[PDB]
Amino acid sequence: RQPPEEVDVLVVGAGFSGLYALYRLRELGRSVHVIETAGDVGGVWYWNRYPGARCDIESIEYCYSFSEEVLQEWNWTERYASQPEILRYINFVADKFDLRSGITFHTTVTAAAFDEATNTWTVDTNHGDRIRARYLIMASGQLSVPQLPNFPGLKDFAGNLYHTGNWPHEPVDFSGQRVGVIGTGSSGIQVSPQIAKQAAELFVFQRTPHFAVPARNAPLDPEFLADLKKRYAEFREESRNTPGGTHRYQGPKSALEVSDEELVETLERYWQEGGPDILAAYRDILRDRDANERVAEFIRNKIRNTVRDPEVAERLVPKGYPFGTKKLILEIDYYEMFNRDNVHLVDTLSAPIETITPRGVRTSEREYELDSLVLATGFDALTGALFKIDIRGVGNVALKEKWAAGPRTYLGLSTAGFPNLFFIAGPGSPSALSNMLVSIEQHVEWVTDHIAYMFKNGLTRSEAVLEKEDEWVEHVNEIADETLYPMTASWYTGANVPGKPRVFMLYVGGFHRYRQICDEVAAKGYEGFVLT
Ligand SMILES: Cc1cc2nc3c(=O)[nH]c(=O)nc-3n(C[C@H](O)[C@H](O)[C@H](O)COP(=O)(O)OP(=O)(O)OC[C@H]3O[C@@H](n4cnc5c(N)ncnc54)[C@H](O)[C@@H]3O)c2cc1C
Ligand SMILES: NC(=O)c1ccc[n+]([C@@H]2O[C@H](COP(=O)([O-])OP(=O)(O)OC[C@H]3O[C@@H](n4cnc5c(N)ncnc54)[C@H](OP(=O)(O)O)[C@@H]3O)[C@@H](O)[C@H]2O)c1
């Protein structure tokens, strides 16, 4: 499917963000096309096919609300949609509104330059395509460029090498093999208990132990669902007016103010129920390092109470960083896994990896023989995908350069000096600190209403104001700084990628507030933008 030479709005990416952009611009009467590297729709859920892949936000929440038809017809099956089912949903949504005729697949965008002469962007691909668009929507994701560490012997490994984020399309057989996994972020924790069932040995290469809590996944009762459907927009609307974009109860109490007996009884109740909801058990879990510690420790005794070898258990216990400052992971049978004879924890904090060999992984302590090695080493996050593209603004300024000391944006949506360009659900915004559907819907709607507003008013150049951008970056940092978020090396902060600026990259005031700010801005004629 050839891309058009000329288009009102060009969209990069056909995951959730891109598809909505496409749908909406068409609804608004604008011409619009999508360029996507993948072979089909899906984005993260197309790429991440490792066995176990599964959302951490509940199925009833992690979905589109923009269409009534879709809420009424689609039927989710479990509390947490596995990867194949979310893919199925996205294909369902693709068909329904005939989105594929808007999309060139197998094509990567490689450069994009703004031409002040004509207020347009000109966009280039590895297929040689060149597109002229008035507006450029980058919907190219938050976690979309796989981060494989440059472990010294990587290219010499004689076995099979994987990355969870670029997973093969046919199912991989690990039966009888010695398998290692590096990384115990949630990919690692999700993929490992699956490989453990097939492998003769599983070696789990852990560095910083992350906090995970049980998911308590269950079947979803068709009755619950049917009741839900009657009141569905009302439900999403409730979700939309929360810090997190989902139905978390926001605990009024401070975790220091309660007694021991009430704390344990509270948290036990969260632990039986499962889910990320513990995160907001007490209003100060992310604000005060002592409040934090009272919750963390409770989790830590859980780990020590689930793992039968008390030495391995201690190795598994999260240390060194505040609870919740790394993405809090939902585990299904990850800890019980280590009770199996064929599962082994390699603590690379205490024995670091020296090199990959052709037979396996060498630490300072021993060499581990492996047929396969799986990299759950995460993603060059938030900026990665933009950075792989040579984006050029007014004065021929590289985006890569303007952003070399960290992302600089006004509301995350735009960056001054690069008019007519927008970033869906990324730095300087709520992004992954919330149910991403909610964050993605608001950004698609806000941006595309914006474009329609430029067209209804016969305008052609929309650009953020330098002072307002600076005032936004300062604000993001200032408020991040009253949380424990900047205290740890997480991908939120860039520190997972050696050399990458460590700045906490996201808006932490919560979805709801960020939307209001965005509505106040839009209502005033898009204050902090200069439209001509
Ligand atoms: C394994 C995993 C699970 C997730 N689970 C959750 C969850 O629990 N809760 C939640 O809220 N969200 C979750 N996320 C976050 C996730 O990023 C969002 O939920 C959402 O799927 C991102 O959608 P998107 O359209 O914004 O970006 P993506 O789905 O990443 O789509 C971006 C697309 O753009 C394409 N692209 C990038 N560069 C180019 C290029 N130059 N040329 C052409 N195409 C390009 C990519 O191929 C990709 O398909 C998860 C992320 C991962 C990695
Ligand atoms: N169920 C879900 O919702 C889900 C699933 C997957 C991903 N995601 C999203 O995408 C993010 C990515 O998570 P992820 O599982 O892909 O990975 P991640 O959270 O980035 O963690 C990567 C893991 O690899 C380790 N690591 C990185 N570089 C290393 C090196 N050079 N040597 C040894 N270990 C190294 C890290 O150890 P250290 O932490 O100590 O550096 C960490 O264990 C998640 O936090 C979440 O936002 C969500």
# chains A, B, ... in the order shown; residues from 1 in each chain; ligands from 1
call {"tool": "select_by_dssp", "arguments": {"residues": "region 87-210 of chain A", "states": "strand (DSSP E)", "output": "VMD selection string"}}
result
chain A and resid 103 to 104 109 to 115 120 to 125 130 to 138 160 to 163 178 to 182 201 to 206
call {"tool": "write_last_selection", "arguments": {"atoms": "N, CA, C and O atoms", "output": "compact mmCIF listing (two decimals), in the first residue's frame"}}
result
# COMPACT_ATOMS: atom_id res chain seq x y z
N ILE A 103 -2.91 2.92 5.95
CA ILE A 103 -1.60 2.57 6.53
C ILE A 103 -0.57 1.89 5.62
O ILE A 103 -0.80 0.83 5.04
N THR A 104 0.60 2.48 5.49
CA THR A 104 1.66 1.73 4.85
C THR A 104 2.41 0.97 5.92
O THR A 104 2.92 1.59 6.85
N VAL A 109 9.99 5.31 9.18
CA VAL A 109 10.34 6.70 8.90
C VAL A 109 11.83 6.90 9.32
O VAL A 109 12.25 6.36 10.37
N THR A 110 12.63 7.61 8.51
CA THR A 110 14.09 7.78 8.75
C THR A 110 14.53 9.23 8.88
O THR A 110 15.44 9.54 9.62
N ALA A 111 13.89 10.13 8.15
CA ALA A 111 14.13 11.56 8.38
C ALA A 111 12.84 12.37 8.26
O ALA A 111 11.93 11.93 7.59
N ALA A 112 12.77 13.53 8.88
CA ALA A 112 11.63 14.41 8.69
C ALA A 112 12.10 15.83 8.87
O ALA A 112 12.62 16.16 9.93
N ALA A 113 11.90 16.69 7.88
CA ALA A 113 12.32 18.13 8.01
C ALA A 113 11.15 19.12 7.86
O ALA A 113 10.26 18.92 7.03
N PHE A 114 11.14 20.18 8.66
CA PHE A 114 10.09 21.19 8.55
C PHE A 114 10.56 22.29 7.57
O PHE A 114 11.70 22.71 7.61
N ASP A 115 9.68 22.71 6.68
CA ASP A 115 10.01 23.73 5.71
C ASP A 115 9.25 25.02 6.00
O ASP A 115 8.04 25.19 5.75
N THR A 120 5.09 23.23 6.17
CA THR A 120 4.84 21.79 6.03
C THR A 120 5.97 20.97 6.64
O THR A 120 7.03 21.49 6.88
N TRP A 121 5.76 19.67 6.81
CA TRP A 121 6.83 18.76 7.11
C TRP A 121 7.07 17.93 5.87
O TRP A 121 6.15 17.69 5.13
N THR A 122 8.29 17.47 5.63
CA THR A 122 8.57 16.57 4.52
C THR A 122 9.19 15.35 5.17
O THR A 122 10.17 15.47 5.95
N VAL A 123 8.66 14.18 4.86
CA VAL A 123 8.95 12.98 5.63
C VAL A 123 9.51 11.84 4.74
O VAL A 123 8.90 11.48 3.73
N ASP A 124 10.64 11.26 5.14
CA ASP A 124 11.32 10.26 4.34
C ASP A 124 11.40 8.92 5.02
O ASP A 124 11.55 8.87 6.24
N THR A 125 11.36 7.85 4.20
CA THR A 125 11.32 6.46 4.68
C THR A 125 12.44 5.58 4.12
O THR A 125 13.09 5.93 3.14
N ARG A 130 8.70 9.70 -0.02
CA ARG A 130 8.77 11.06 0.54
C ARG A 130 7.36 11.71 0.64
O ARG A 130 6.67 11.87 -0.35
N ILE A 131 6.90 12.06 1.84
CA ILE A 131 5.54 12.57 2.01
C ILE A 131 5.61 14.03 2.46
O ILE A 131 6.48 14.40 3.25
N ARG A 132 4.71 14.86 1.93
CA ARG A 132 4.55 16.28 2.31
C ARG A 132 3.27 16.38 3.17
O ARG A 132 2.18 16.18 2.65
N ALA A 133 3.39 16.65 4.47
CA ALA A 133 2.25 16.75 5.42
C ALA A 133 2.20 18.13 6.05
O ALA A 133 3.25 18.72 6.32
N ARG A 134 1.02 18.66 6.32
CA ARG A 134 1.00 19.92 7.01
C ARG A 134 1.40 19.69 8.49
O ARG A 134 2.25 20.42 9.02
N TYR A 135 0.81 18.67 9.16
CA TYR A 135 1.13 18.32 10.56
C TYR A 135 1.78 16.94 10.71
O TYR A 135 1.41 15.99 9.99
N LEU A 136 2.76 16.81 11.63
CA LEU A 136 3.39 15.51 11.82
C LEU A 136 3.02 14.93 13.18
O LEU A 136 3.40 15.49 14.24
N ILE A 137 2.26 13.83 13.19
CA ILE A 137 1.99 13.25 14.50
C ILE A 137 2.92 12.05 14.71
O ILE A 137 2.80 11.01 14.02
N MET A 138 3.86 12.20 15.64
CA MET A 138 4.63 11.04 16.04
C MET A 138 3.87 10.17 17.06
O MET A 138 3.76 10.52 18.22
N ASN A 160 20.58 -19.38 20.54
CA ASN A 160 19.51 -18.54 20.05
C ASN A 160 19.31 -17.35 20.96
O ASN A 160 19.19 -17.47 22.19
N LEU A 161 19.25 -16.18 20.36
CA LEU A 161 19.24 -14.96 21.10
C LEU A 161 17.89 -14.30 20.87
O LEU A 161 17.40 -14.30 19.74
N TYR A 162 17.27 -13.77 21.93
CA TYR A 162 15.93 -13.18 21.80
C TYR A 162 15.92 -11.85 22.44
O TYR A 162 16.81 -11.56 23.23
N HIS A 163 14.95 -11.03 22.08
CA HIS A 163 14.60 -9.92 22.91
C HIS A 163 13.10 -9.99 23.04
O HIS A 163 12.39 -10.20 22.06
N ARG A 178 18.66 -25.36 28.13
CA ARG A 178 19.19 -24.53 29.23
C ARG A 178 18.96 -23.13 28.70
O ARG A 178 19.42 -22.75 27.58
N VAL A 179 18.18 -22.39 29.45
CA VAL A 179 17.82 -21.07 29.00
C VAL A 179 18.22 -20.09 30.05
O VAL A 179 18.04 -20.33 31.26
N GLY A 180 18.77 -18.97 29.63
CA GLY A 180 18.92 -17.86 30.58
C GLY A 180 17.99 -16.72 30.21
O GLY A 180 17.71 -16.49 29.03
N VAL A 181 17.51 -16.02 31.23
CA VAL A 181 16.90 -14.72 31.01
C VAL A 181 17.71 -13.65 31.74
O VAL A 181 18.00 -13.82 32.94
N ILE A 182 18.09 -12.58 31.03
CA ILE A 182 18.62 -11.34 31.69
C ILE A 182 17.54 -10.23 31.81
O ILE A 182 16.95 -9.81 30.83
N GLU A 201 16.80 -26.30 32.31
CA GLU A 201 17.20 -25.37 33.35
C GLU A 201 16.88 -23.98 32.92
O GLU A 201 16.99 -23.63 31.73
N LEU A 202 16.44 -23.21 33.91
CA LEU A 202 16.23 -21.80 33.74
C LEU A 202 17.19 -21.06 34.65
O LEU A 202 17.26 -21.28 35.90
N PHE A 203 17.94 -20.19 34.01
CA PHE A 203 18.79 -19.29 34.74
C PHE A 203 18.26 -17.85 34.59
O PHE A 203 18.16 -17.29 33.50
N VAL A 204 17.90 -17.28 35.72
CA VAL A 204 17.36 -15.94 35.75
C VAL A 204 18.40 -14.97 36.27
O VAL A 204 18.77 -14.99 37.46
N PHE A 205 18.88 -14.14 35.34
CA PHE A 205 19.92 -13.17 35.63
C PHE A 205 19.32 -11.88 36.16
O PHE A 205 18.75 -11.06 35.42
N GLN A 206 19.43 -11.73 37.47
CA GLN A 206 18.85 -10.59 38.13
C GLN A 206 19.94 -9.60 38.50
O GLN A 206 21.06 -9.99 38.91
call {"tool": "residues_around", "arguments": {"residues": "region 22-35 of chain A", "least_positions_apart": "4", "cutoff": "9 Å", "atoms": "only C-alpha atoms", "output": "PyMOL selection string"}}
result
chain A and resi 3-4+6-14+17-18+97-109+125+133+444-445+448-449+451-452+455
call {"tool": "residues_near_ligand", "arguments": {"ligand": "ligand 1", "cutoff": "7 Å", "atoms": "only C-alpha atoms and all ligand atoms", "output": "ChimeraX atom specification"}}
result
/A:12-18,35-38,42-45,48,53-57,62,107-110,139-144,165,187,385-386,388-389,424-425,432,434-437,440
call {"tool": "write_last_selection", "arguments": {"atoms": "N, CA and C atoms", "output": "short mmCIF file (atom, residue, chain, number, x, y, z; two decimals), in the first residue's frame"}}
result
data_model
loop_
_atom_site.label_atom_id
_atom_site.label_comp_id
_atom_site.auth_asym_id
_atom_site.auth_seq_id
_atom_site.Cartn_x
_atom_site.Cartn_y
_atom_site.Cartn_z
N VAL A 12 3.05 8.75 12.49
CA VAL A 12 3.99 7.62 12.58
C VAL A 12 3.54 6.56 13.65
N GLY A 13 3.19 5.36 13.24
CA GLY A 13 2.93 4.33 14.23
C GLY A 13 1.49 3.89 14.16
N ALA A 14 1.29 2.58 14.22
CA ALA A 14 -0.04 1.99 14.17
C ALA A 14 -0.31 1.05 15.38
N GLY A 15 0.11 1.51 16.56
CA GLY A 15 -0.42 0.97 17.80
C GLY A 15 -1.66 1.75 18.16
N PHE A 16 -2.01 1.72 19.43
CA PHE A 16 -3.22 2.36 19.86
C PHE A 16 -3.27 3.83 19.48
N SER A 17 -2.13 4.53 19.59
CA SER A 17 -2.16 5.98 19.38
C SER A 17 -2.44 6.30 17.94
N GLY A 18 -1.70 5.63 17.08
CA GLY A 18 -1.78 5.94 15.67
C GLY A 18 -3.15 5.61 15.13
N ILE A 35 2.42 5.76 8.69
CA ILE A 35 3.58 4.97 8.32
C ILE A 35 4.02 4.11 9.53
N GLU A 36 4.11 2.79 9.33
CA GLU A 36 4.39 1.88 10.43
C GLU A 36 5.46 0.86 10.06
N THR A 37 6.46 0.64 10.92
CA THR A 37 7.53 -0.35 10.62
C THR A 37 7.01 -1.81 10.55
N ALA A 38 6.12 -2.15 11.49
CA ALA A 38 5.54 -3.49 11.64
C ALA A 38 4.81 -3.92 10.40
N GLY A 42 -0.88 -2.93 15.78
CA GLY A 42 -0.76 -3.38 17.16
C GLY A 42 0.25 -2.66 18.02
N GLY A 43 1.39 -2.25 17.47
CA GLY A 43 2.40 -1.55 18.28
C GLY A 43 2.99 -2.47 19.32
N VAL A 44 2.97 -2.08 20.58
CA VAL A 44 3.59 -2.95 21.55
C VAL A 44 3.05 -4.39 21.46
N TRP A 45 1.75 -4.54 21.20
CA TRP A 45 1.13 -5.88 21.32
C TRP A 45 1.32 -6.72 20.09
N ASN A 48 5.62 -7.44 21.13
CA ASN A 48 5.88 -8.19 22.34
C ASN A 48 5.17 -9.53 22.53
N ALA A 53 3.29 -12.47 27.98
CA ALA A 53 2.96 -11.03 27.83
C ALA A 53 1.50 -10.79 28.18
N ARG A 54 1.23 -9.75 28.95
CA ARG A 54 -0.07 -9.55 29.59
C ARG A 54 -0.07 -8.17 30.15
N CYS A 55 -1.16 -7.45 29.97
CA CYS A 55 -1.32 -6.12 30.57
C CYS A 55 -1.43 -6.07 32.10
N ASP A 56 -0.92 -5.00 32.71
CA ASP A 56 -1.05 -4.82 34.15
C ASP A 56 -2.28 -3.97 34.55
N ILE A 57 -2.84 -3.26 33.60
CA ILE A 57 -4.10 -2.58 33.84
C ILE A 57 -5.20 -3.55 33.46
N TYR A 62 -8.15 -1.12 30.11
CA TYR A 62 -7.18 -0.99 29.05
C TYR A 62 -7.90 -1.29 27.74
N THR A 107 7.49 -0.16 6.56
CA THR A 107 8.18 1.05 6.20
C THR A 107 8.56 1.74 7.49
N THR A 108 9.82 2.14 7.61
CA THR A 108 10.26 2.90 8.77
C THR A 108 10.44 4.36 8.37
N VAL A 109 9.99 5.31 9.18
CA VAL A 109 10.34 6.70 8.90
C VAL A 109 11.83 6.90 9.32
N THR A 110 12.63 7.61 8.51
CA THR A 110 14.09 7.78 8.75
C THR A 110 14.53 9.23 8.88
N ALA A 139 3.30 9.06 16.61
CA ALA A 139 2.68 8.09 17.51
C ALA A 139 3.58 6.87 17.63
N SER A 140 4.87 7.10 17.80
CA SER A 140 5.79 5.97 17.67
C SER A 140 6.21 5.28 18.93
N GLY A 141 5.60 5.68 20.07
CA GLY A 141 5.41 4.82 21.25
C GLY A 141 6.25 5.29 22.40
N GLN A 142 6.17 4.63 23.56
CA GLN A 142 7.02 4.98 24.69
C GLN A 142 8.10 3.93 24.87
N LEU A 143 7.76 2.69 24.53
CA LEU A 143 8.64 1.58 24.80
C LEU A 143 8.72 0.78 23.52
N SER A 144 9.40 1.34 22.53
CA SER A 144 9.29 0.73 21.23
C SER A 144 10.59 0.47 20.59
N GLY A 165 11.05 -7.77 23.32
CA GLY A 165 10.40 -6.72 22.52
C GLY A 165 10.46 -6.81 21.00
N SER A 187 8.85 -7.81 31.92
CA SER A 187 8.97 -8.76 30.83
C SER A 187 9.57 -10.00 31.39
N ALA A 385 12.57 6.11 20.09
CA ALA A 385 12.02 5.99 18.78
C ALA A 385 12.13 7.27 18.00
N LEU A 386 11.91 8.40 18.65
CA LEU A 386 12.10 9.69 17.99
C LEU A 386 13.56 9.85 17.53
N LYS A 388 15.84 7.60 16.76
CA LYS A 388 16.24 6.89 15.60
C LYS A 388 15.79 7.62 14.30
N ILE A 389 15.12 8.77 14.42
CA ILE A 389 14.65 9.47 13.21
C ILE A 389 15.35 10.83 13.10
N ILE A 424 2.41 11.98 20.74
CA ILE A 424 1.37 11.28 21.52
C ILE A 424 1.93 10.50 22.70
N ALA A 425 1.36 10.76 23.88
CA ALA A 425 1.64 10.06 25.16
C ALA A 425 3.11 9.90 25.59
N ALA A 432 3.03 6.92 30.75
CA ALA A 432 2.91 5.60 31.32
C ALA A 432 2.69 5.64 32.82
N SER A 434 0.02 6.30 33.92
CA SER A 434 -1.41 6.15 33.97
C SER A 434 -1.76 5.06 32.97
N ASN A 435 -2.93 4.46 33.17
CA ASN A 435 -3.51 3.67 32.11
C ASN A 435 -3.31 4.41 30.78
N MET A 436 -2.60 3.72 29.89
CA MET A 436 -2.13 4.38 28.70
C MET A 436 -3.26 4.59 27.74
N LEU A 437 -4.35 3.83 27.88
CA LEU A 437 -5.43 4.16 26.97
C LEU A 437 -6.00 5.58 27.22
N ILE A 440 -3.43 8.13 26.14
CA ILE A 440 -3.47 8.13 24.65
C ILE A 440 -4.72 8.74 24.04
#
call {"tool": "residues_around", "arguments": {"residues": "residue 192 (chain A)", "least_positions_apart": "6", "cutoff": "12 Å", "atoms": "only C-alpha atoms", "output": "PyMOL selection string"}}
result
chain A and resi 50-53+164+174+179-186+198-199+201-206+331-338+342-345+373-376
call {"tool": "residues_around", "arguments": {"residues": "residue 408 (chain A)", "least_positions_apart": "3", "cutoff": "7 Å", "atoms": "only C-alpha atoms", "output": "list in words"}}
result
residues 403, 415 and 473 of chain A
call {"tool": "select_by_dssp", "arguments": {"residues": "region 141-345 of chain A", "states": "helix (DSSP H, G or I)", "output": "PyMOL selection string"}}
result
chain A and resi 154-156+164-166+186-198+222-230+232-239+260-273+276-280+289-306+310-316+334-337
call {"tool": "closest_residue", "arguments": {"among": "A:233, A:307, A:213, A:255", "to": "residue 72 (chain A)", "atoms": "only C-alpha atoms"}}
result
A:233
call {"tool": "closest_residue", "arguments": {"among": "A:426, A:219, A:274, A:486", "to": "residue 78 (chain A)", "atoms": "only C-alpha atoms"}}
result
A:219
call {"tool": "residues_around", "arguments": {"residues": "residue 145 (chain A)", "least_positions_apart": "3", "cutoff": "6 Å", "atoms": "only C-alpha atoms", "output": "list in words"}}
result
residues 379, 380, 384 and 385 of chain A
call {"tool": "write_last_selection", "arguments": {"atoms": "N, CA and C atoms", "output": "mmCIF file, in the first residue's frame"}}
result
data_model
loop_
_atom_site.group_PDB
_atom_site.id
_atom_site.type_symbol
_atom_site.label_atom_id
_atom_site.label_comp_id
_atom_site.auth_asym_id
_atom_site.auth_seq_id
_atom_site.Cartn_x
_atom_site.Cartn_y
_atom_site.Cartn_z
ATOM 1 N N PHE A 379 13.771 -1.192 27.271
ATOM 2 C CA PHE A 379 13.592 -0.322 26.094
ATOM 3 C C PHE A 379 14.291 1.003 26.281
ATOM 4 N N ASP A 380 14.866 1.495 25.206
ATOM 5 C CA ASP A 380 15.384 2.831 25.238
ATOM 6 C C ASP A 380 14.154 3.735 25.162
ATOM 7 N N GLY A 384 13.685 7.055 22.597
ATOM 8 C CA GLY A 384 14.372 6.138 21.688
ATOM 9 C C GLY A 384 13.860 6.240 20.254
ATOM 10 N N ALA A 385 12.566 6.105 20.093
ATOM 11 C CA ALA A 385 12.023 5.991 18.780
ATOM 12 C C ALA A 385 12.134 7.266 18.004
#
call {"tool": "residues_around", "arguments": {"residues": "region 519-531 of chain A", "least_positions_apart": "5", "cutoff": "6 Å", "atoms": "only C-alpha atoms", "output": "PyMOL selection string"}}
result
chain A and resi 461-465+468
call {"tool": "closest_residue", "arguments": {"among": "A:310, A:209, A:501, A:214", "to": "ligand 2", "atoms": "only C-alpha atoms and all ligand atoms"}}
result
A:209
call {"tool": "closest_residue", "arguments": {"among": "A:301, A:259, A:372, A:166", "to": "ligand 2", "atoms": "only C-alpha atoms and all ligand atoms"}}
result
A:166
